[PDB]
Amino acid sequence: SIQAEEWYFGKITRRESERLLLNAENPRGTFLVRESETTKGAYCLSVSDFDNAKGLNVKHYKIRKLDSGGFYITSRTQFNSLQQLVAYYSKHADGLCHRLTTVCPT
Ligand SMILES: CC(=O)N[C@@H](Cc1ccc(C(C(=O)O)C(=O)O)c(C(=O)O)c1)C(=O)N[C@H]1CCCCN(Cc2ccc(-c3ccccc3)cc2)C1=O
């Protein structure tokens, strides 16, 4: 269960995820997974980033889940679970702003 994961914030809004991720103490890759605000069945991976150009900022990546069982950000790279997906992105930046590092503080 996703509801078991400490990085799963469930039904929080996009604005709220930005409020939590825009904390000065968050290093790049601080993240949380929440429900998509407008796509039934989808989730969103909200991630903190930082560069001199934009300072501290947030990126939101939609996560799709097929009834066929696969979870993914890009259909080319699928996982059997949301947990496996988070594990993979904690080791690979790929198309993300930074590899996932630590769960977002509230
Ligand atoms: C309004 C907004 O924040 N849009 C997000 C997408 C998005 C997320 C959540 C909701 C949203 C919510 O906020 O709840 C909702 O679902 O309703 C909505 C929305 O408003 O509809 C839309 C966006 O454009 N993110 C960027 C994020 C930065 C990269 C650029 N890109 C395209 C992309 C390219 C590559 C990859 C990639 C990643 C890993 C590996 C390989 C490739 C992923 C995305 C994105 O999707």
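Remember, it's 1-based here, ligands and their atoms both numbered in the order they're listed. For this chain, numbers begin at 1 and follow the sequence in order. Keep in mind that the numbers below use all heavy atoms, side chains included, and drop hydrogens, waters and symmetry copies.
Close contacts between ligand 1 and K62 involve ligand atoms 16 (O), 18 (C), 21 (O) [criterion: under 4.0 Å to a heavy atom]. The distance from ligand 1 to the heavy atoms of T74 drops below 4.0 Å at these ligand atoms: 41 (C). Every atom of ligand 1 is numbered from 1 in the order shown, and the set under 4.0 Å from a heavy atom of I73 is 38 (C), 43 (C).
Checked against a 3.5 angstrom limit, the closest N/O atoms of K59 and ligand 1 fall outside it. Between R34 and ligand 1, at least one pair of N/O atoms sits closer than 3.5 Å. Looking at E37 next to ligand 1, an N or O pair under 3.5 Å apart turns up. Looking at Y61 next to ligand 1, no N or O pair under 3.5 Å apart turns up. Geometrically, ligand 1 and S36 share a nitrogen or oxygen pair separated by less than 3.5 Å. Ligand 1 has an N or O atom lying under 3.5 Å from an N or O atom of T38, backbone or side chain.
In this model, a donor atom of one side chain and an acceptor atom of the other lie less than 3.5 Å apart for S46 and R34.
For atom 3 (O) of ligand 1, a protein heavy-atom neighbour is present inside the 4.0 Å cut-off. The presence of a protein heavy atom under 4.0 Å from atom 42 (C) of ligand 1 is confirmed. Inside a 4.0 Å radius of atom 24 (O) of ligand 1 there is not any protein heavy atom.
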Got a list of side-chain donor-acceptor pairs under 3.5 Å for residues 4-14, not counting sequence neighbours?
unit_1, atom_1, unit_2, atom_2, d
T13, OG1, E16, N, 3.1

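Shortest non-hydrogen contact noted between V47 and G29 is CG1-CA, 3.7 Å.
Listed by first and then second residue, the side-chain hydrogen bond (donor to acceptor under 3.5 Å, both in side chains) pairs that reach into residues 81-91 are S81-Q84, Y88-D94, sequence neighbours excluded.
Scanning all protein heavy atoms for the shortest distance to atom 11 (C) of ligand 1 gives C44 SG, 3.7 Å. Annotation: atom 1 (C) of ligand 1 to nearest protein heavy atom, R14 NH2, 3.2 Å. Protein heavy atom at the shortest distance from atom 5 (C) of ligand 1 is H60 O, 3.3 Å. Annotation: atom 36 (C) of ligand 1 to nearest protein heavy atom, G95 O, 4.1 Å.
Here the CD1-CG distance, from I63 to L85, works out to 5.0 Å after rounding to the nearest 0.5 Å.
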